[PDB]
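Visitor: to kick things off, part of the complex as it is:
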Amino acid sequence: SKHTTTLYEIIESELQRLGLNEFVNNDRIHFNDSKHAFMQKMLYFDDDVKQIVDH
Amino acid sequence: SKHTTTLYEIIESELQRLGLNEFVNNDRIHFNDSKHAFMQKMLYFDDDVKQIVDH
Amino acid sequence: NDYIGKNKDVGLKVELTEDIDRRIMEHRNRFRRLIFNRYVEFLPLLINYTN
Amino acid sequence: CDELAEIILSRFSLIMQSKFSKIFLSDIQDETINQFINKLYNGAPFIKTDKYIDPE
């Protein structure tokens, strides 16, 4: 990301704008949650990521 | 592992997360169990190792 | 029998390639220091005075 | 001076153009290249790699 940007930052930006958050979730904080974490949400072909890619 | 980790290290770390122990087992200590050791388990491709790889 | 140094608990050593690379780097650094210092010593002796 | 100015324009353009570099071709984030450059720049009489880096 020294020049321009990567796809991951774009998708993370849109996911953050959607209102999702990595850590707190349902009143239990997880650093590497494996759900609601943006990575492991792009890899698992998740619906929100597909929506962002199409948009 | 001089630069980045090996597949064996990641699989071993996840197996240790699962709570398995290779030495003490069921109150009898074996240095090389050949049944519960992490090696001779990823070589036989146990169910745990397959779950770890698929995860 | 053959002679080797007394056993010193040092742990495992890196392979020969890493030894050679570090030796070459240390040789380069040593040469730089040597030549800089030698020029420092040589500098005051350049100009001399008659009588 | 018109003829001398044109020659200098060509002579200076050759100085700025004449810059050499070593270019490594690989995948865009293959961390082997960074390790390979680190060894090559420092002293490294012998470097061990796989067939897929293809130094030639």
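Guide: That came through fine. Numbering: from 1, shown residues only, chains lettered A, B, ... in the order given.

Visitor: hey, let's count contacts and neighbours off CA atoms from now on
Guide: OK.

Visitor: which helix runs longest in the chain?
Guide: All of this refers to chain A. Assignment by DSSP state H gives helix A:7-18 as the longest helix of chain A.

Visitor: meant chain D actually
Guide: Among all segments of chain D classified by DSSP H, the helix with the greatest residue count is helix D:2-17.

Visitor: run the chain-centre distance for that helix.
Guide: Offset of helix D:2-17 from its chain centre (CA atoms, centre = their mean, to the nearest Å): 25 Å.

Visitor: which residue ranges of chain A form helices?
Guide: Taking DSSP H as the test, the helices found in chain A are A:7-18, A:47-54.

Visitor: mind listing what's buried in the shortest one?
Guide: For helix A:47-54, the buried set under the neighbour-count rule, 16 or more other CA atoms under 10 Å in any protein chain shown, comprises A:48, A:49.

Visitor: ditto for the first one
Guide: Neighbour-count burial for helix A:7-18, with 16+ other CA under 10 Å as criterion, is recorded at A:11, A:12, A:15.

Visitor: which positions within the longest helix of chain D qualify as buried?
Guide: By neighbour count, and taking 16+ other CA under 10 Å as the criterion, helix D:2-17 has no buried residues at all.

Visitor: after that helix comes which helix or strand?
Guide: Using DSSP states H and E, the helix or strand that follows helix D:2-17 towards the C-terminus is helix D:32-41.

Visitor: tell me the contacts of residue 42?
Guide: In the absence of a named chain, this looks at chain A. Listed by CA atoms under 8 Å, 6 or more residues apart in numbering or on different chains, the contact set of residue A:42 reads residue A:49.

Visitor: oops, wrong one, chain D.
Guide: Shown in contact with residue D:42 (CA under 8 Å, 6+ apart): C:21, C:25.

Visitor: include chain E as well:
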Amino acid sequence: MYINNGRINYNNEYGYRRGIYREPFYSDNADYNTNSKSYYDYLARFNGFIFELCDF
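Guide: So, slotting chain E in with the rest:
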């Protein structure tokens, strides 16, 4: 990084450095690419502020 008697404590038995000296456990002769933020990320943050202002 452990829990004993129901209370958590963090301690690194095998650390990279102790004092000024460096421990022998880990090897640090490896170069990793560091990818920071470019100008486009500055534009993106400014655009986010502009979006919030337009919403207000």
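
Visitor: mind redoing the buried residues of helix A:7-18 now chain E's in there?
Guide: Residues of helix A:7-18 classed as buried under the neighbour-count rule (16+ other CA under 10 Å) are A:11, A:12, A:15.

Visitor: quick revisit: quick one: distance of the longest helix of chain A to the chain centre.
Guide: Here helix A:7-18 shows a centroid-to-chain-centroid distance of 6 Å under the convention CA atoms, centre = their mean.

Visitor: stretch C:27-43 now?
Guide: Here the centre of stretch C:27-43 is set off from its chain's centre by 11 Å, with CA atoms, centre = their mean.

Visitor: I'd assumed residue E:14 was in contact with residue E:22.
Guide: No - taking contacts as CA atoms under 8 Å, residue E:22 lies outside contact range of residue E:14: 11.1 Å.

Visitor: hey, what's residue E:2 bridged with?
Guide: Taking DSSP bridges, one obtains residue E:9 as the residues bridged to residue E:2.

Visitor: separation between it and residue E:9?
Guide: Residue E:2 sits 6 Å away from residue E:9, going by CA to CA, to the nearest Å.

Visitor: before we move on, what about residue C:22?
Guide: With distances defined as CA to CA, the gap from residue C:22 to residue E:9 amounts to 39 Å.

Visitor: between the two, which is the more surrounded one?
Guide: Set residue C:22 next to residue E:9 and count neighbours by other CA atoms under 10 Å in any protein chain shown: residue C:22 wins out with 15 against 9.

Visitor: what pairs with residue E:22 across the strands?
Guide: Bridge pairing for residue E:22 (DSSP bridges) gives the partners residue E:17.

Visitor: go ahead and place chain F:
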Amino acid sequence: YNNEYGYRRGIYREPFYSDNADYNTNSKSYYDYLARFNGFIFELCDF
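Guide: Adding chain F to the chains above:
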């Protein structure tokens, strides 16, 4: 033990047992992982 009589810099390594470790680092590189850790430190303070 670390007793040495001849000094060569950074060629000796010592094994150790890594009882636990977590390689599941949801990031594309170490830099972004450390950024995520800063964010998580703020979230943890709030929680």
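
Visitor: again for the contacts of residue D:42, chain F present now?
Guide: Under the criterion of CA under 8 Å, 6+ apart, the contact partners of residue D:42 comprise C:21, C:25.

Visitor: check contacts around residue E:11.
Guide: residue E:1.

Visitor: distance-wise, check it relative to residue F:24.
Guide: As for residue E:11, its distance to residue F:24 is 21 Å (criterion: CA to CA).

Visitor: same question for residue C:24.
Guide: When CA to CA is applied, the distance between residue C:24 and residue F:24 equals 38 Å.

Visitor: kindly report the same for residue D:51.
Guide: As defined by CA to CA, residue D:51 lies at a distance of 30 Å from residue F:24.

Visitor: likewise residue A:32?
Guide: Applying CA to CA to residue A:32 and residue F:24 gives a distance of 7 Å.

Visitor: ditto for residue E:24
Guide: For residue E:24, the distance to residue F:24 under the criterion CA to CA works out to 25 Å.

Visitor: so which residue is smack in the middle of chain C?
Guide: residue C:30 (3.9 Å; CA atoms, centre = their mean).

Visitor: give me the element that residue is part of.
Guide: For residue C:30, the host element (DSSP H and E) is helix C:16-42.

Visitor: may I see the buried residues of that helix?
Guide: By neighbour count, and taking 16+ other CA under 10 Å as the criterion, the buried residues in helix C:16-42 are C:18, C:21, C:22, C:23, C:24.

Visitor: could you dump the residues you listed to a markdown table with distance to chain F?
Guide: Putting the buried residues of helix C:16-42 into a markdown table (distance: CA to the nearest CA, whole Å) gives the following:
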| residue | distance to chain F |
| --- | --- |
| C:18 | 8 |
| C:21 | 11 |
| C:22 | 8 |
| C:23 | 9 |
| C:24 | 13 |
